[PDB]
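Engineer: Below: the sequence, then the experimentally determined structure.
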There are 2 protein chains.
Amino acid sequence: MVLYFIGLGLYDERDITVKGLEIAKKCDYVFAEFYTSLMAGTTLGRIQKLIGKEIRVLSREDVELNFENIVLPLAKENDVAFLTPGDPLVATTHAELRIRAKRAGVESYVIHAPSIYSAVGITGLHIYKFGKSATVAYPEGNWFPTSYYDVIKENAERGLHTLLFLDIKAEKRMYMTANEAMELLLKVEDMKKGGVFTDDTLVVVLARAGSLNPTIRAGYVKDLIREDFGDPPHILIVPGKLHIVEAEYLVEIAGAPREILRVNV
Amino acid sequence: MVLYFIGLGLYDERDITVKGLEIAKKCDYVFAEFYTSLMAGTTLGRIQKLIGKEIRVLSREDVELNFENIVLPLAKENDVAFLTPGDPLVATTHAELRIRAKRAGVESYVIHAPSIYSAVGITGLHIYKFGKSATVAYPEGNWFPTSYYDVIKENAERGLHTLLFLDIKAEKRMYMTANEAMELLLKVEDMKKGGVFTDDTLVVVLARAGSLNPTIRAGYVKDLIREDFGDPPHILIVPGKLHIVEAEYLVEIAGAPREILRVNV
Ligand SMILES: Nc1ncnc2c1ncn2[C@@H]1O[C@H](CSCC[C@H](N)C(=O)O)[C@@H](O)[C@H]1O
Ligand code: NA
């Protein structure tokens, strides 16, 4: 009688931790969701093969409206696992599911896995220097999300880096590219005119972290906005004030213009 | 010809990913460092047994000063792995090691693993709400550092959470407890009187993240300062104003007093 939230990691089925795999293999029932992120280097079949169990995939509605009607009932008399991409609790609302579990009288455990939130380290930007993060959401109808612009502004004023999660609509198989995020940010700049995001802004793009050959690129928006960063998922970062070694890494590893080596203290 | 930066994860030998384990097994040489952090839930012997390889431990000096003497020469004509607790390149100075490898004509790849930066999601605090992070260091001689206090002040001012790493003498295997961190912060408050950290401040303590039985506690400093959070490592978080959902999780899962549902939201 238990429920395990088990993260599957960044890119493929092997990004699960040994702990997560060993526990999943012993569970009676295994559910999963793939709407919170995209694992571009695997399939349901490969994951099932690895854990040696059939996996029931749930939709956002199954989870958000009927988790306690679909999964919890089984966890009352069996060992159940719920798999998610990356870490199950990062930039999702899954933490609240632990409350539902408690109320169902079901004990729950969390098995972590590599998350994009810490994977940002491969960009060379010091992780402690990141400030508030935000998500660039697709405009819908007449609704045009813009709060993420204010987040960048706030962090930038403090000299902090801004991590921008990009939108996803898994049911339509829509994954926002860093290019699309940049276009939206330029449009928000045209509206608010804070001088926060322009053609001259330095940005960093990380695509398919977790793969052996992820795309890591840094440069000015005017130069990267039309660049091909490969298949999704992508994340966009707007760095704040750069330390010398951060700039050095961006130039040497992410191909940034050599002129950024010249930090403006 | 290749150097693999492989993360060991959070707490024990099973926190490495399946990908990390399989790659480490194929490497000709395996190095590791435990100066950035320790893996309190395991031993070098258990990690070696799991990987089935002899592991050469490197000191901070070995890495910071002689990485190119010790690791790169071998990576020039062999497959070499460099194991680090958590997720690779999260430690501030590690990204630069990839530049060293490039300069030496050595290819490098990063194999991610769980990091405390993302694992803190188990506290129920929204990851996007975390601001700049800091480390609470022990005062020594005539040196009494207090910058971490200012980090909390600036984050809290903006409604953001502050992740506070606690000092470690990993080489002497000495950990700073959340209790000691609280005592220190109260002293800094005494000196700065900014109204940033007091007996009435709500804090969250996370101990042994990665374990199947971590300690997650939330409450006011006056009530938690002398509480036993179990064995280290401990991390301390000073949350900013809470979303009701965050508060509900802290009450239901972290045993926080119902009082936070009206005072800290
Ligand atoms: N492997 C990856 N590479 C690049 N971006 C990624 C990524 N995985 C997730 N992302 C980013 O994060 C967004 C989903 S938010 C969910 C994150 C997940 N819980 C985790 O811990 O990693 C994606 O739309 C994308 O913007
Ligand atoms: Na952060």
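Structural biologist: That came through fine. Numbering: from 1, shown residues only, chains lettered A, B, ... in the order given. Ligands and ions are numbered 1, 2, ... in the order given.
Engineer: which residues does the residue of the stretch 51-200 of chain A at minimum distance from ligand 1 bridge with?
Structural biologist: In the stretch 51-200 of chain A, the residue that lies nearest ligand 1 is residue A:86 (2.2 Å; C-beta to the nearest ligand atom). C-betas here are computed from N, CA, C, even on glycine. Beta-bridge pairing for residue A:86 (DSSP bridges): residue A:9.
Engineer: Settle this for me: it is touching residue A:114, isn't it.
Structural biologist: Yes: the pair residue A:86 and residue A:114 qualifies as a contact (C-beta atoms under 8 Å) at a distance of 7.0 Å.
Engineer: Overlap in contacts, those two.
Structural biologist: Shared contacts of residue A:86 and residue A:114, defined by C-beta atoms under 8 Å, 6 or more residues apart in numbering or on different chains, are found at A:7, A:9-10.
Engineer: Most neighbours of all the residues you listed, which one?
Structural biologist: residue A:9 (31 neighbours; other C-beta atoms under 10 Å in any protein chain shown).
Engineer: Surely it and residue A:111 touch.
Structural biologist: No: between residue A:9 and residue A:111 there is no contact under C-beta under 8 Å: 10.9 Å.
Engineer: which residues do those two both contact?
Structural biologist: Contact criterion C-beta under 8 Å, 6+ apart; residues bridging residue A:9 and residue A:111 by contacting each: residue A:17.
Engineer: Compute the distance between the residue of the stretch 51-200 of chain A closest to ligand 1 and residue B:103, please.
Structural biologist: To residue B:103, residue A:86 is 32 Å away according to C-beta to C-beta, to the nearest Å.
Engineer: where does residue A:49 land in three-state SS?
Structural biologist: Look at residue A:49: counting by DSSP: H, G, I helix; E, B strand; the rest coil, its state is helix.
Engineer: Burial check on the residue nearest to it when sequence neighbours are not counted, number of neighbours?
Structural biologist: Excluding the flanking residues, the one nearest residue A:49 by C-beta to C-beta, 6 or more residues apart in numbering or on different chains is residue A:13, at 7.9 Å. If you count neighbours by other C-beta under 10 Å, residue A:13 ends up with 22.
Engineer: Run through the residues that contact the one residue in the stretch 1-150 of chain A that gets nearest to ligand 2.
Structural biologist: Residue of the stretch 1-150 of chain A nearest ligand 2, by C-beta to the ion: residue A:130 (4.4 Å). Going by C-beta under 8 Å, 6+ apart, residue A:130 touches A:120, A:155, A:160-163, B:132-133.
Engineer: what's the helix or strand for residue A:23?
Structural biologist: Using DSSP states H and E, residue A:23 sits within helix A:18-26.
Engineer: Between helix B:18-26 and that helix, find me the angle.
Structural biologist: Computed by axes from the mean of the first three to the mean of the last three C-alpha atoms, to 10 degrees, the angle separating helix A:18-26 from helix B:18-26 equals 110 degrees.
Engineer: so, in contact with ligand 1 or not, helix A:18-26?
Structural biologist: No: using C-beta under 6 Å from any ligand atom, helix A:18-26 stays clear of ligand 1, with a minimum separation of 13.2 Å.
Engineer: Could I get the buried residue list for that helix?
Structural biologist: A:18-21, A:23-24 (16 or more other C-beta atoms under 10 Å in any protein chain shown).
Engineer: picking that back up, and residue A:86 and residue B:103? which has more neighbours close in?
Structural biologist: residue A:86 (30 against 11).
Engineer: List the residues that contact that one.
Structural biologist: Shown in contact with residue A:86 (C-beta under 8 Å, 6+ apart): A:7-10, A:36-37, A:113-116, B:118.
Engineer: of all those, which comes closest to residue B:188?
Structural biologist: residue B:118 (28.0 Å; C-beta to C-beta).
Engineer: count of neighbours near that closest one?
Structural biologist: With other C-beta under 10 Å as criterion, residue B:118 counts 28.
Engineer: And the strands in chain A?
Structural biologist: A:2-7, A:29-32, A:56-57, A:79-84, A:107-111, A:134-136, A:162-166, A:168-169, A:174-175, A:202-207, A:215-220, A:234-238 (DSSP state E).
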